[PDB]
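# got the complex split up, this is the first portion:
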Amino acid sequence: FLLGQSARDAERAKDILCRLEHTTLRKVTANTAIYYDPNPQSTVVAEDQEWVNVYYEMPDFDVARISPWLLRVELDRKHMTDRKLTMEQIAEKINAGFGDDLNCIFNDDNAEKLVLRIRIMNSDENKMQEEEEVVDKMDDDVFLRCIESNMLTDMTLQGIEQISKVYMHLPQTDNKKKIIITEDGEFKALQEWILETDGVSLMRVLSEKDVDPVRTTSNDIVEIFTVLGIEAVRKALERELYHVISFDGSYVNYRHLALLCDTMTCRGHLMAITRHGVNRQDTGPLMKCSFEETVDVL
Amino acid sequence: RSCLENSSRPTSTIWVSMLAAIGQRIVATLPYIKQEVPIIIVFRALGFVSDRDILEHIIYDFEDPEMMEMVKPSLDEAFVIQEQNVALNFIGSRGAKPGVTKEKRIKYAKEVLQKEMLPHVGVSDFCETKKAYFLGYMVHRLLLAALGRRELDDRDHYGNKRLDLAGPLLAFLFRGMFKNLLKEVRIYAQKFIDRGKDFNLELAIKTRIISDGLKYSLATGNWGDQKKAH
Amino acid sequence: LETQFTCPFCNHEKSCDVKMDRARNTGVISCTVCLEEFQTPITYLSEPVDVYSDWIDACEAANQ
Amino acid sequence: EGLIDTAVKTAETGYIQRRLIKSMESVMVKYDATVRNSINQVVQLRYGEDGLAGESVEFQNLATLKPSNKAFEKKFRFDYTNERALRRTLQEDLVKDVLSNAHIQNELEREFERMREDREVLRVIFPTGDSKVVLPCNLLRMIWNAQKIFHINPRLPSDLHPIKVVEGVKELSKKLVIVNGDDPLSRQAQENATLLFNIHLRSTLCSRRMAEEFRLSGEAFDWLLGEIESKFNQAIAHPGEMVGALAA
Amino acid sequence: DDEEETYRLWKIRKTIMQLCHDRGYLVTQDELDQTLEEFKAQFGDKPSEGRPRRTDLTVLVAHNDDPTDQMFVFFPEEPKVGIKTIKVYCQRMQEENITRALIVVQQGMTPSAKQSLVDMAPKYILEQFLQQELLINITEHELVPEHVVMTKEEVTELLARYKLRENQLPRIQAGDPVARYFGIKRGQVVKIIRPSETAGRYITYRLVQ
């Protein structure tokens, strides 16, 4: 659930949606290529000399440290703009993840193609340590293929790693609408944006800047128990069982659900309706043997 | 699930699988060999030594670079083995008993590749071209599946199934019973030839084996050896 | 696969162990009873049984 | 697909049924009215949270939850100042008493203030404003029964003094006991165990609705109080009830 | 970036003041409701510039019932706090004669520091919180009912009223998020007040284990 104007303006709800949903570089990359591009002054890719020269015709980094192997990634406009993501941020994330060991340069947004250029920067001392130039693993092109495989899937640009998808909608049903008491004292239902997720990360989401921390909740009871504790999971377990039982319009008297949820929670931890719960109580061995594990219990 | 056209042996199953720089490597689960073999080693053991000659069995149009990129990790993996004798040794090191001499390991590998791998394609010598083409077709089918160009097979589709009727069901029993009868005829006669004298075969043939094997299995419906009823 | 082998010289069963020195692309098989040792080049495909087979082959090659 | 589901669903559901019974089979209402397991640990201090059996309760509506502040005041605040409305609702000696006796007027005002406080408590318990609740004694049907047993003419003024309503409902609340004892723990737990029923009782059986809407006579109200007491006591859970096996 | 860190520090401070107030330490209304721009005014807007330093954020509060019962809140600068930093806080607590402190850590705490919190526990009670678990006050969440720590006298009255042993009460783990919030130790009891759809209100009691 969202606070403030982000609960009414769809664009702000979408902004929070982008702040939650996990986006890796693969979700925003159209293609990748590896080139032998040994002189940035005369790039073997023709379509980009006009910007590449502008980076090298200034002193901030030294072509003598440049590895001749180029990693070239092409992004696509729709996935970038659906996320309000910029190549300045992508480069910042790259340099945050790899430091100064990896050099990245990128083009103007005026282009019909979004491109950034990556290569290993060899700021070593030029020792004659020439036995394969490294003591065992790889040459630079195979290494750069490994760097690509890593960057595509293990570099996070936005969101929370476990939140695989987010949906936003207006709730048609009053059980998800915000209810207020008016100054006249009537109940009123407000239709406000909510986000539903695939995947769970309750503690991170509660701490987001416009998330309503009072109402936001998981359906995973072990997450509730970890973040909010035993009385929270006592209330959530009742809610979830009620939802399952009442989905078809059936009704069960509250005291039965209450007694099951209390049985599941009176020991201070989530006790499963399974041998791993029931047969770990202080109940005597003859009671345990009537359920499961009969001979091992005895 | 390969079966020879005449049921001289039961079916033998070959699996060619694609494993879940990192790349998609293809391996073969051959029968009587303890470990999965890189397919390119299986092709070299069948005597196709150069990478081009191998890919000519797997990729029928070379102007299709998406398949080439997908076989390439397997050409990389096997590049350390480059001669047929090294490949047959590699295969024979596995499955064969560790101590046997090089000639016996090579011979074991050739025996598996002739008689146990794809027996429906042939069990003769000089069948290696037929076997290389069918194993190449198996890899090609796997590539088409991995590229999404051909749909995965349905185990429910009744074209992929067969109904064993009374005849085949009885033939399954009678093979094993006739084998047990020949076994007992050898066991009976050997303790006469060990005693230097000819034997009456009318006494060697214990006709109870067939008569009671078929009777028992039809009586109980346990379709197998009575000793193995569970 | 089996990773312990009968020594070709001293006939003790499960007396030979293989050390796969991957970093130097070399494999050493050593018998604990007689301390006969053999070294062979190994690949990443190579396994203890390939080293043992190389040793048995080198022994039969020396008998010629 | 329906034949498959009919054959396949049954093992999983029956296993769930077994595991539930085996988890709860010894959970019982004790003679102290706590709910405890075989190791005698407290699971609930009162069954449900209210001490009542499930078979003796029914759906009712909380009349004070949903109304606006103006409609709440209009329906529930007794107007002791409009002489003609009293004259149409109460007999003459009652109108004379209600118009003049400042003590009675103060009792009626703090009756309304107790309803206002109860309304604010309900607004916290039911923040989604669903008035539908499950409670033991069906007050409206008992009032309709009193109306028919005593031949109440709705079109005549009643002999029932509104102060007898205020006092009678105060005295009835003291007889509907779920937690016994004079100590402040018992007294608080008693107040909690019966809070929602007492809110429903006070709002249904208030002096203004008894005057304007239900028009009960004194003998019919005296009958209604005894009916409510008897039906509440019959709703309390019996010690020895195997409530765990029942819940499973 | 500094606009994010200053917001985090402000939220964490607000939660810590709420926690201290709920534990019964004397906390002013002004610091309990301090706004983000007032935090920026008092402490600064560029913690990367060292303005504030997280050493500036330190809190000291005294109990409402005894002005000599005092508690620190420490916000270590290093992300993963080791035994050297615990020893520094132990020294400061020894010289100021303060027995309770909360240590709020950014990424975690070393095994040696964790054990050092156990091994001094009778004389100096040190508690660990991650900053992440202080970015929201969990007691404001709608699933969490009101928790009230009981006095020893009230527990004696409870056990005498219902004629029961402590081991017959339902339990709460000392590591429960709300038990950690209130700082309750083994053998304390927490009263829980929750609304009920059938009684109206229900109170339950949990023994800390």
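Arrived safely, thanks for sending. Numbering: from 1, shown residues only, chains lettered A, B, ... in the order given.
# Just list the residues touching residue E:64, thanks.
Residues in contact with residue E:64 (C-beta atoms under 8 Å, 6 or more residues apart in numbering or on different chains) are E:24-26. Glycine gets a C-beta too; all of them are placed from N, C-alpha and C.
# host element of the closest residue to chain E within chain B?
Residue of chain B nearest chain E, by C-beta to the nearest C-beta: residue B:22 (30.3 Å). Here residue B:22, judged by DSSP states H and E, is contained in no helix and no strand.
# Near it, how many other residues are there?
9 (other C-beta atoms under 10 Å in any protein chain shown).
# now it, nearest residue through space, not along the chain?
residue A:149 (6.3 Å; C-beta to C-beta, 6 or more residues apart in numbering or on different chains).
# What distance do you get for the residue in chain C positioned nearest to chain E to chain D?
Minimum separation of chain C from chain E (C-beta to the nearest C-beta) falls at residue C:23, amounting to 32.5 Å. Look at residue C:23 and chain D: by C-beta to the nearest C-beta, to the nearest Å, they are 54 Å apart.
# got it, and residue B:98?
49 Å.
# for that residue, what are its contacts?
Contacts of residue B:98 (C-beta under 8 Å, 6+ apart): C:2, C:5-6, C:49, C:52-53.
# If any of those are buried, put those into a PyMOL selection.
Here is the PyMOL command that selects only those of those that count as buried (16 or more other C-beta atoms under 10 Å in any protein chain shown):
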select buried, chain C and resi 5+6+49+52+53
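# quick one: which of the contacts of residue B:98 is nearest residue B:95?
Set against residue B:95, the nearest of the contacts of residue B:98 by C-beta to C-beta is residue C:49 (10.0 Å).
# Tell me how many other residues surround the residue nearest to the closest one when sequence neighbours are not counted.
Using C-beta to C-beta, 6+ apart and skipping residues adjacent in sequence, the residue nearest residue C:49 is residue B:93, 5.0 Å away. Residue B:93 is flanked by 27 other residues according to other C-beta under 10 Å.
# Double-check residue B:93 against residue C:46; I have them as touching.
No: judged on C-beta atoms under 8 Å, residue B:93 makes no contact with residue C:46 at a distance of 9.6 Å.
# Secondary structure element for the residue nearest to residue D:180 when sequence neighbours are not counted, which one?
Ranked by C-beta to C-beta, 6+ apart and with sequence neighbours excluded, the top spatial neighbour of residue D:180 is residue D:186, at 6.4 Å. Residue D:186 is part of helix D:184-193, with elements assigned from DSSP H and E.
# which parts of that helix are buried?
Those buried within helix D:184-193 under the rule 16+ other C-beta under 10 Å are D:185, D:189-193.
# Pop the domain breakdown of chain E in here.
Using CATH domains of a matching chain, the domain parsing of chain E gives E:1-136, E:137-209.
# build in chain F:
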Amino acid sequence: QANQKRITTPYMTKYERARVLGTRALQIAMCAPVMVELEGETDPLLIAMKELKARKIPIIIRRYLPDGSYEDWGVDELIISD
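Chain F goes in next, on the same frame as the chains above:
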């Protein structure tokens, strides 16, 4: 436990009624004296129900409490709800 403050409910439970009627019927079938006038009714369980409604059954119910104490209540002390 002191008898001057019994705290269990003054109503007879459904389980108490069931077992009291069974026990008393078995006593009447074993020729225990009957505490009521009989309109010629001969069924031990009907006689037991007459004695129950008359409040004449000579049986004490010992209600055990969870703490191991008990209260003794006579069947004539309890309110019979059926």
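# In light of the added chain F, please revisit the nearest residue to residue D:180.
residue F:7 (5.8 Å).
# what residues are up against residue 43?
All of this refers to chain A. Contact analysis of residue A:43 by C-beta under 8 Å, 6+ apart lists A:37, A:49, A:52.
# oops, chain C please
B:80, C:25.
# quick one, phi/psi of it?
phi -100, psi 170 (degrees, to the nearest 10).
# Pull up the gap between residue C:5 and residue C:11, please.
Counting by C-beta to C-beta, to the nearest Å, the gap from residue C:5 to residue C:11 is 11 Å.
# okay, the contacts of residue A:43 in JSON lines with distance to residue B:43, secondary structure and neighbour count next?
Below are the contacts of residue A:43 laid out as JSON lines (distance: C-beta to C-beta, whole Å; DSSP: H, G, I helix; E, B strand; the rest coil; neighbours: other C-beta atoms under 10 Å in any protein chain shown):
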{"residue": "A:37", "distance to residue B:43": "36", "secondary structure": "coil", "neighbour count": "20"}
{"residue": "A:49", "distance to residue B:43": "45", "secondary structure": "helix", "neighbour count": "14"}
{"residue": "A:52", "distance to residue B:43": "45", "secondary structure": "helix", "neighbour count": "20"}
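# could those residues go into a markdown table alongside distance to residue B:165?
Listed next are those as a markdown table, based on distance: C-beta to C-beta, whole Å:
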| residue | distance to residue B:165 |
| --- | --- |
| A:37 | 68 |
| A:49 | 75 |
| A:52 | 74 |
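# which one of those residues sits closest to chain C?
Nearest to chain C among these, with distances taken as C-beta to the nearest C-beta, is residue A:37, at 31.1 Å.
# what sits against the nearest residue to that closest one once chain neighbours are set aside?
Leaving aside its sequence neighbours, residue A:37 sits nearest to residue A:70 (C-beta to C-beta, 6+ apart; 4.0 Å). Residues in contact with residue A:70 (C-beta under 8 Å, 6+ apart) are A:34-37, A:117-119.
# So residue A:70 lies in a strand, does it not?
Yes: under DSSP: H, G, I helix; E, B strand; the rest coil, residue A:70 sits within a strand.
# For residue B:6, see how far away it is.
61 Å.
# can you pull the buried residues of the helix or strand where residue B:68 lies?
Element membership for residue B:68, per DSSP H and E: helix B:65-77. For helix B:65-77, burial by neighbour count (16+ other C-beta under 10 Å) applies to B:67, B:70-71, B:73-75, B:77.
# now stretch A:83-92
A:83, A:85, A:87, A:90-91.
# one step back: report the secondary structure state of the residue nearest to residue D:180.
Secondary structure assignment for residue F:7 (three-state DSSP): coil.
# ok, now how distant is it from chain A?
In this structure, residue F:7 and chain A are 23 Å apart, going by C-beta to the nearest C-beta.
# Sequence for chain G below, add it please:
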Amino acid sequence: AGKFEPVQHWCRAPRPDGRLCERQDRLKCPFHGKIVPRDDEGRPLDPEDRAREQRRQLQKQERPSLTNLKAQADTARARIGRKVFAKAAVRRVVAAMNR
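Putting chain G together with the chains above:
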């Protein structure tokens, strides 16, 4: 839910050449930091923001024995390798690849 490419503005701080910059960066310029409105000679259009930016430019302008076996462990390619070949990294990668 909408999208557009409004990038009509330019980074207009000076190059080392003294020519003004012409790069259409959105919000951060690698050579110049956070973008701000600037005049026809690249001076910020803010008497205070041009002071904070000048102080940030000042902060940027202000900022025997045998072969030790650790000396091979600090090279850039080993630093990248320890990340990219980490067992957890390769597992998280192949976990995303299998999905």
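# The buried residues of stretch A:83-92 again, this time with chain G added?
Here stretch A:83-92 shows A:83, A:85-91 as buried, counting by 16+ other C-beta under 10 Å.
# again with stretch E:60-79
Those would be E:61-63, E:70-76, for stretch E:60-79 by 16+ other C-beta under 10 Å.
# next one: stretch A:273-280
A:273, A:275, A:277-279.
# In chain F, mark out all the strands, start to finish.
For chain F, strands defined by DSSP state E occupy the ranges F:60-64, F:70-74.
# Could you export the ones you listed as a markdown table, including distance to chain A?
Output for the strands of chain F, formatted as a markdown table (distance: least, C-beta to the nearest C-beta, whole Å):
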| stretch | distance to chain A |
| --- | --- |
| strand F:60-64 | 19 |
| strand F:70-74 | 23 |
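# For chain C, just list every one of the strands.
Using DSSP E, strands in chain C cover C:16-21, C:26-31, C:37-41.
# Which residue, other than its chain neighbours, is closest to the residue of chain F found nearest chain A?
Proximity of chain F to chain A (C-beta to the nearest C-beta) peaks at residue F:66, 15.4 Å away. In space, and not counting its chain neighbours, residue F:66 is closest to residue D:30: 4.9 Å by C-beta to C-beta, 6+ apart.
# Contact partners for that neighbour?
D:36, D:239, F:65-66.
# Grab the nearest non-local neighbour of residue A:145.
residue B:21 (4.6 Å).
# how about the closest residue to chain E within chain D, phi and psi?
Nearest residue of chain D to chain E (C-beta to the nearest C-beta) works out as residue D:195 at 3.1 Å. The phi/psi pair for residue D:195 (degrees, to the nearest 10) reads phi -60, psi -50.
# does the residue nearest to the spatial centre of chain D count as helix, strand or coil?
Nearest to the mean C-alpha position of chain D, by C-alpha atoms, centre = their mean, lies residue D:197 at 2.7 Å. What three-state DSSP gives for residue D:197 is helix.
# before we move on, back to that, so for chain C, which of the strands of chain F sits nearest?
strand F:60-64 (68.6 Å).
# so where do the strands sit in the stretch 51-200 of chain A?
A:69-75, A:102-106, A:114-120, A:156-158, A:165-169, A:178-181, A:187-190, A:194-198 (DSSP state E, counting those that start in this stretch).
# surely the residue nearest to residue A:145 meets residue A:144?
No: Residue B:21 lies out of contact with residue A:144 (C-beta under 8 Å); the separation is 9.5 Å.
# Among the buried residues of stretch E:60-79, which lie within strands?
Per DSSP E, those map to strands at E:61-62, E:70-74.
# Number of residues surrounding the residue lying closest to residue A:182 once chain neighbours are set aside?
In this structure, residue A:182 finds its nearest non-sequential neighbour in residue A:188, 5.4 Å apart by C-beta to C-beta, 6+ apart. Per other C-beta under 10 Å, the neighbour tally for residue A:188 reads 12.
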